[PDB]
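Coordinates from start31.csv are shown below (CSV, N, CA and C atoms).
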chain,number,residue,atom,x,y,z
A,1,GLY,N,92.4,94.8,84.4
A,1,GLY,CA,91.0,95.0,84.3
A,1,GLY,C,90.2,94.4,85.5
A,2,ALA,N,89.1,94.9,85.8
A,2,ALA,CA,88.2,94.4,86.9
A,2,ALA,C,87.4,93.3,86.5
A,3,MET,N,87.1,92.4,87.4
A,3,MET,CA,86.2,91.2,87.2
A,3,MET,C,85.0,91.3,88.0
A,4,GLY,N,83.9,90.6,87.6
A,4,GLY,CA,82.7,90.7,88.3
A,4,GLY,C,81.6,91.5,87.5
A,5,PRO,N,80.7,92.2,88.3
A,5,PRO,CA,79.7,93.0,87.6
A,5,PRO,C,80.2,94.4,87.4
A,6,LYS,N,79.3,95.3,87.0
A,6,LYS,CA,79.6,96.7,86.8
A,6,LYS,C,80.1,97.4,88.1
A,7,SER,N,81.1,98.2,88.1
A,7,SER,CA,81.7,98.7,89.3
A,7,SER,C,81.4,100.2,89.4
A,8,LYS,N,82.1,100.9,90.3
A,8,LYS,CA,81.9,102.3,90.5
A,8,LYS,C,82.1,103.1,89.2
A,9,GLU,N,83.0,102.6,88.4
A,9,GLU,CA,83.2,103.3,87.1
A,9,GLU,C,82.0,103.3,86.2
A,10,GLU,N,81.2,102.2,86.4
A,10,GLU,CA,80.0,102.0,85.6
A,10,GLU,C,78.8,102.8,86.3
A,11,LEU,N,78.8,102.9,87.6
A,11,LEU,CA,77.7,103.5,88.3
A,11,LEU,C,77.8,105.0,88.3
A,12,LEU,N,79.1,105.5,88.2
A,12,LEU,CA,79.3,106.9,88.1
A,12,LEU,C,79.2,107.3,86.6
A,13,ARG,N,79.4,106.3,85.8
A,13,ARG,CA,79.3,106.5,84.3
A,13,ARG,C,78.0,107.1,83.9
A,14,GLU,N,76.9,106.5,84.4
A,14,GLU,CA,75.5,107.0,84.1
A,14,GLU,C,75.3,108.5,84.4
A,15,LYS,N,75.8,108.9,85.6
A,15,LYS,CA,75.6,110.3,86.0
A,15,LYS,C,76.5,111.3,85.3
A,16,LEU,N,77.6,110.7,84.7
A,16,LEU,CA,78.5,111.6,84.0
A,16,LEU,C,78.1,111.8,82.6
A,17,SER,N,78.7,112.7,81.9
A,17,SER,CA,78.4,113.0,80.5
A,17,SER,C,79.1,112.0,79.6
A,18,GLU,N,78.7,111.9,78.3
A,18,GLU,CA,79.3,111.0,77.4
A,18,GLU,C,80.8,111.3,77.2
A,19,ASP,N,81.1,112.6,77.3
A,19,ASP,CA,82.5,113.1,77.3
A,19,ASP,C,83.2,112.4,78.5
A,20,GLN,N,82.7,112.6,79.7
A,20,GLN,CA,83.4,112.2,80.9
A,20,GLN,C,83.5,110.7,80.9
A,21,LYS,N,82.6,109.9,80.4
A,21,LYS,CA,82.7,108.5,80.3
A,21,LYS,C,84.0,108.1,79.5
A,22,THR,N,84.2,108.8,78.4
A,22,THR,CA,85.3,108.5,77.5
A,22,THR,C,86.6,108.8,78.2
A,23,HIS,N,86.7,109.9,79.0
A,23,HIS,CA,87.9,110.2,79.8
A,23,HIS,C,88.1,109.4,81.0
A,24,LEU,N,87.0,108.7,81.4
A,24,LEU,CA,87.2,107.7,82.5
A,24,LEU,C,88.0,106.5,82.0
A,25,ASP,N,87.7,106.1,80.8
A,25,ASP,CA,88.5,105.0,80.2
A,25,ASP,C,89.9,105.4,79.9
A,26,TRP,N,90.0,106.7,79.4
A,26,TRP,CA,91.3,107.3,79.1
A,26,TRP,C,92.2,107.3,80.4
A,27,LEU,N,91.6,107.8,81.5
A,27,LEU,CA,92.3,107.9,82.8
A,27,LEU,C,92.6,106.5,83.3
A,28,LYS,N,91.7,105.5,83.1
A,28,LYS,CA,91.9,104.2,83.5
A,28,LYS,C,93.1,103.6,82.8
A,29,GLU,N,93.2,103.8,81.5
A,29,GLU,CA,94.3,103.4,80.7
A,29,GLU,C,95.6,103.9,81.2
A,30,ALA,N,95.5,105.2,81.6
A,30,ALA,CA,96.7,105.9,82.1
A,30,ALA,C,97.2,105.2,83.4
A,31,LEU,N,96.3,105.1,84.4
A,31,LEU,CA,96.6,104.5,85.6
A,31,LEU,C,96.9,103.0,85.5
A,32,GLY,N,96.2,102.3,84.6
A,32,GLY,CA,96.5,100.9,84.4
A,32,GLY,C,95.8,100.0,85.4
A,33,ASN,N,96.1,100.3,86.7
A,33,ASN,CA,95.5,99.5,87.8
A,33,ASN,C,94.2,100.0,88.2
A,34,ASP,N,93.3,99.0,88.4
A,34,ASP,CA,91.9,99.3,88.8
A,34,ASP,C,91.9,99.9,90.2
A,35,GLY,N,92.8,99.5,91.1
A,35,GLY,CA,92.8,100.0,92.4
A,35,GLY,C,93.1,101.5,92.4
A,36,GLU,N,93.9,102.0,91.5
A,36,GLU,CA,94.2,103.4,91.4
A,36,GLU,C,93.1,104.2,90.9
A,37,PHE,N,92.4,103.7,89.8
A,37,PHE,CA,91.3,104.3,89.2
A,37,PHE,C,90.1,104.4,90.2
A,38,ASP,N,90.0,103.4,91.0
A,38,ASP,CA,89.0,103.3,92.1
A,38,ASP,C,89.1,104.5,93.0
A,39,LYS,N,90.3,104.8,93.3
A,39,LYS,CA,90.5,106.0,94.2
A,39,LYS,C,89.9,107.2,93.6
A,40,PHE,N,90.0,107.4,92.3
A,40,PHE,CA,89.5,108.6,91.6
A,40,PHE,C,88.0,108.5,91.7
A,41,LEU,N,87.4,107.3,91.5
A,41,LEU,CA,86.0,107.1,91.5
A,41,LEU,C,85.4,107.4,92.9
A,42,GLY,N,86.2,107.4,93.9
A,42,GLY,CA,85.7,107.6,95.3
A,42,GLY,C,85.7,109.0,95.7
A,43,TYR,N,86.0,109.9,94.8
A,43,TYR,CA,86.0,111.4,95.1
A,43,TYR,C,84.7,112.0,94.9
A,44,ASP,N,84.6,113.3,95.2
A,44,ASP,CA,83.4,114.1,95.1
A,44,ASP,C,83.1,114.2,93.6
A,45,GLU,N,81.9,114.0,93.2
A,45,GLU,CA,81.5,114.2,91.8
A,45,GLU,C,81.8,115.6,91.3
A,46,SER,N,81.6,116.6,92.2
A,46,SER,CA,81.9,118.0,91.9
A,46,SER,C,83.4,118.1,91.5
A,47,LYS,N,84.2,117.3,92.1
A,47,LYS,CA,85.7,117.3,91.7
A,47,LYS,C,86.0,116.4,90.5
A,48,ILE,N,85.3,115.2,90.5
A,48,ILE,CA,85.5,114.2,89.5
A,48,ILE,C,85.2,114.8,88.1
A,49,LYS,N,84.0,115.4,88.0
A,49,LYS,CA,83.5,116.0,86.8
A,49,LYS,C,84.4,117.1,86.3
A,50,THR,N,84.9,117.9,87.2
A,50,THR,CA,85.8,119.0,86.8
A,50,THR,C,87.1,118.5,86.4
A,51,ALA,N,87.6,117.4,87.1
A,51,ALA,CA,88.9,116.8,86.7
A,51,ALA,C,88.8,116.2,85.3
A,52,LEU,N,87.7,115.5,85.0
A,52,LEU,CA,87.5,114.9,83.7
A,52,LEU,C,87.4,116.0,82.7
A,53,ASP,N,86.6,117.1,83.0
A,53,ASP,CA,86.4,118.2,82.1
A,53,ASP,C,87.7,118.9,81.8
A,54,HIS,N,88.6,119.0,82.8
A,54,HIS,CA,89.9,119.7,82.6
A,54,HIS,C,90.8,118.8,81.7
A,55,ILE,N,90.8,117.5,82.0
A,55,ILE,CA,91.5,116.6,81.1
A,55,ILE,C,91.0,116.7,79.7
A,56,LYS,N,89.7,116.8,79.5
A,56,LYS,CA,89.1,117.0,78.2
A,56,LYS,C,89.6,118.3,77.5
A,57,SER,N,89.7,119.3,78.3
A,57,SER,CA,90.2,120.6,77.9
A,57,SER,C,91.6,120.6,77.3
A,58,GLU,N,92.5,120.0,78.1
A,58,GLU,CA,93.9,119.9,77.6
A,58,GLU,C,94.0,118.9,76.4
A,59,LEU,N,93.2,117.8,76.5
A,59,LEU,CA,93.2,116.9,75.3
A,59,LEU,C,92.7,117.5,74.1
A,60,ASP,N,91.7,118.4,74.2
A,60,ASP,CA,91.2,119.2,73.1
A,60,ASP,C,92.2,120.2,72.6
A,61,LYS,N,93.1,120.6,73.5
A,61,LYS,CA,94.1,121.5,73.1
A,61,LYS,C,95.2,120.8,72.4
A,62,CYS,N,95.1,119.5,72.1
A,62,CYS,CA,96.1,118.8,71.3
A,62,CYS,C,95.4,118.0,70.2
A,63,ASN,N,95.4,118.6,69.0
A,63,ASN,CA,94.9,118.0,67.8
A,63,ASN,C,95.8,118.4,66.6
A,64,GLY,N,96.7,117.5,66.3
A,64,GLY,CA,97.7,117.8,65.2
A,64,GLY,C,98.4,116.6,64.9
A,65,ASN,N,99.7,116.7,64.6
A,65,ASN,CA,100.5,115.6,64.2
A,65,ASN,C,101.0,114.7,65.3
A,66,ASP,N,101.4,115.3,66.4
A,66,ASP,CA,101.9,114.5,67.5
A,66,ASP,C,100.9,114.5,68.7
A,67,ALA,N,99.6,114.9,68.3
A,67,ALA,CA,98.6,114.9,69.3
A,67,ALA,C,98.4,113.5,70.0
A,68,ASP,N,98.4,112.5,69.1
A,68,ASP,CA,98.3,111.1,69.6
A,68,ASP,C,99.4,110.8,70.7
A,69,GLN,N,100.6,111.3,70.5
A,69,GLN,CA,101.7,111.1,71.4
A,69,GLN,C,101.5,111.8,72.7
A,70,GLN,N,101.1,113.1,72.6
A,70,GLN,CA,100.9,114.0,73.7
A,70,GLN,C,99.7,113.6,74.5
A,71,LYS,N,98.7,113.0,73.8
A,71,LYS,CA,97.5,112.5,74.5
A,71,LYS,C,97.9,111.3,75.4
A,72,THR,N,98.9,110.6,74.9
A,72,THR,CA,99.4,109.4,75.6
A,72,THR,C,100.4,109.8,76.8
A,73,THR,N,101.2,110.8,76.5
A,73,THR,CA,102.1,111.3,77.5
A,73,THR,C,101.3,112.0,78.6
A,74,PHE,N,100.2,112.6,78.3
A,74,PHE,CA,99.4,113.3,79.3
A,74,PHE,C,98.9,112.4,80.3
A,75,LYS,N,98.7,111.1,80.0
A,75,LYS,CA,98.3,110.1,80.9
A,75,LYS,C,99.3,110.0,82.1
A,76,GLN,N,100.5,110.1,81.8
A,76,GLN,CA,101.6,110.0,82.8
A,76,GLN,C,101.6,111.2,83.7
A,77,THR,N,101.3,112.3,83.1
A,77,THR,CA,101.2,113.6,83.8
A,77,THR,C,100.0,113.6,84.8
A,78,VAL,N,98.9,113.1,84.4
A,78,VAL,CA,97.7,113.0,85.2
A,78,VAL,C,97.8,112.1,86.4
A,79,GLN,N,98.5,110.9,86.1
A,79,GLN,CA,98.8,110.0,87.2
A,79,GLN,C,99.5,110.6,88.3
A,80,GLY,N,100.5,111.4,88.0
A,80,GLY,CA,101.3,112.1,89.1
A,80,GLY,C,100.6,113.4,89.5
A,81,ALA,N,99.4,113.7,89.0
A,81,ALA,CA,98.7,114.8,89.4
A,81,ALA,C,97.6,114.5,90.4
A,82,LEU,N,97.0,113.3,90.2
A,82,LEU,CA,96.0,112.8,91.1
A,82,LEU,C,96.6,112.0,92.2
A,83,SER,N,97.9,111.9,92.2
A,83,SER,CA,98.6,111.1,93.2
A,83,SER,C,98.5,111.6,94.6
A,84,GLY,N,98.3,112.9,94.7
A,84,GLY,CA,98.2,113.5,96.0
A,84,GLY,C,96.8,114.1,96.3
A,85,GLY,N,95.9,113.8,95.4
A,85,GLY,CA,94.5,114.3,95.6
A,85,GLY,C,94.0,114.9,94.3
A,86,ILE,N,92.7,115.1,94.3
A,86,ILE,CA,92.0,115.6,93.1
A,86,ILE,C,91.6,117.1,93.4
A,87,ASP,N,91.9,117.5,94.6
A,87,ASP,CA,91.6,118.8,95.1
A,87,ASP,C,92.4,119.9,94.4
A,88,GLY,N,93.6,119.7,94.2
A,88,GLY,CA,94.5,120.7,93.6
A,88,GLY,C,94.8,120.3,92.2
A,89,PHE,N,93.9,119.5,91.5
A,89,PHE,CA,94.1,119.1,90.2
A,89,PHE,C,93.5,120.1,89.2
A,90,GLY,N,94.4,120.6,88.4
A,90,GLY,CA,94.0,121.7,87.4
A,90,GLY,C,95.1,122.1,86.6
A,91,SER,N,95.0,123.4,86.1
A,91,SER,CA,96.0,123.9,85.2
A,91,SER,C,97.3,124.3,85.9
A,92,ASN,N,97.3,123.9,87.2
A,92,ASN,CA,98.5,124.3,88.0
A,92,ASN,C,99.4,123.1,88.2
A,93,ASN,N,99.0,121.9,87.7
A,93,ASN,CA,99.8,120.7,87.7
A,93,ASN,C,99.6,119.8,86.5
A,94,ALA,N,98.4,119.8,86.0
A,94,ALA,CA,98.0,119.0,84.8
A,94,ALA,C,97.8,119.8,83.6
A,95,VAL,N,98.7,119.8,82.7
A,95,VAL,CA,98.6,120.6,81.5
A,95,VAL,C,99.2,119.9,80.3
A,96,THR,N,98.6,120.2,79.1
A,96,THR,CA,99.2,119.7,77.9
A,96,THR,C,100.1,120.7,77.2
A,97,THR,N,101.4,120.4,77.1
A,97,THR,CA,102.3,121.3,76.4
A,97,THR,C,102.2,121.2,74.9
A,98,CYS,N,101.0,120.9,74.5
A,98,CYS,CA,100.7,120.8,73.1
A,98,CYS,C,100.4,122.1,72.4
A,99,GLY,N,99.6,122.9,73.1
A,99,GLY,CA,99.3,124.2,72.5
A,99,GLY,C,99.9,125.3,73.4
A,100,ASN,N,100.7,124.9,74.4
A,100,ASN,CA,101.4,125.8,75.3
A,100,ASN,C,102.8,125.4,75.3
A,101,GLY,N,103.3,124.8,74.3
A,101,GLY,CA,104.7,124.3,74.2
A,101,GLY,C,105.7,125.5,74.2
A,102,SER,N,106.7,125.3,75.0
A,102,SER,CA,107.8,126.3,75.1
A,102,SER,C,109.1,125.6,75.0
Using C-alpha cells, write down the structure that the file contains.
Amino acid sequence: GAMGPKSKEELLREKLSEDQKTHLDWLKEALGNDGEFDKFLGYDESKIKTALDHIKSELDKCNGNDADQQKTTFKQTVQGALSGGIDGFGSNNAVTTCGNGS
C-alpha cells in the first residue's frame, strides 16, 4: 500500500466513474504493488477508462457459482495483459472464460 497523501489513483478517481473507481481497487489488488498500478495511472485517460470498462465487461460476464474465483483469476490475466502496454488491451488478450468457457 502507498503512504502519504492521496496519489494519482485518487486524483484520477474523481474524473473516473464510480464503476471505474471500483475496478481501480480491483486492478490494484491484482497488481499488488503500487509501482505497477502507478504505471497504469500514468496512461491516457482515453485508454484507462476503456481498460477499466473492458475489465468491468468481462467481470460482469461472470456472475455465478465460480464467479468469485474467476474474478480473482482474471486479476492474473490482466497483469500479464497490461505488462506490455494498455494500447493493445482488450478482448484480444484480456478475457473472462466465464461466459466464453470452452
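The closest residue to residue A:3, picked from A:58, A:19, A:51, A:34 and counting only C-alpha atoms, is A:34.
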Interatomic distance, atom C of residue A:99 to atom C of residue A:22 (Å, one decimal):
21.7 Å
Pick the closest to residue A:31 from A:73, A:90, A:67, A:95: which is it, counting only C-alpha atoms?
A:73
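Considering only C-alpha atoms, the residue among A:32, A:41, A:68, A:101 positioned nearest to residue A:86 is A:41.
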Name the residues of stretch 13-96 of chain A that come out as alpha helix (DSSP H) in a backbone DSSP run; write them as a PyMOL selection string.
chain A and resi 13-15+18-31+34-41+45-60+67-79
If we count only C-alpha atoms and set the cut-off at 10 Å, which residues sit around stretch 76-79 of chain A, ignoring sequence neighbours fewer than 4 positions away in its own chain? Please answer as a ChimeraX atom specification.
/A:27-28,30-32,36-37,51,55,70-72,83-84,89-90,93-96
Could you tell me how far atom CA of residue A:52 lies from atom CA of residue A:23, in Å and to one decimal?
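Atom CA of residue A:52 sits 6.1 Å away from atom CA of residue A:23.
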I'd like to know which of A:24, A:11, A:16, A:98 is closest to residue A:60, using only C-alpha atoms.
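Using only C-alpha atoms, residue A:60 sits closest to A:98.
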Point-to-point distance in Å for atom CA of residue A:25 and atom CA of residue A:9
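These atoms are spaced 8.9 Å apart.
Residue nearest residue A:38 within the list A:65, A:18, A:7, A:57: A:7 [criterion: smallest interatomic distance, only C-alpha atoms].
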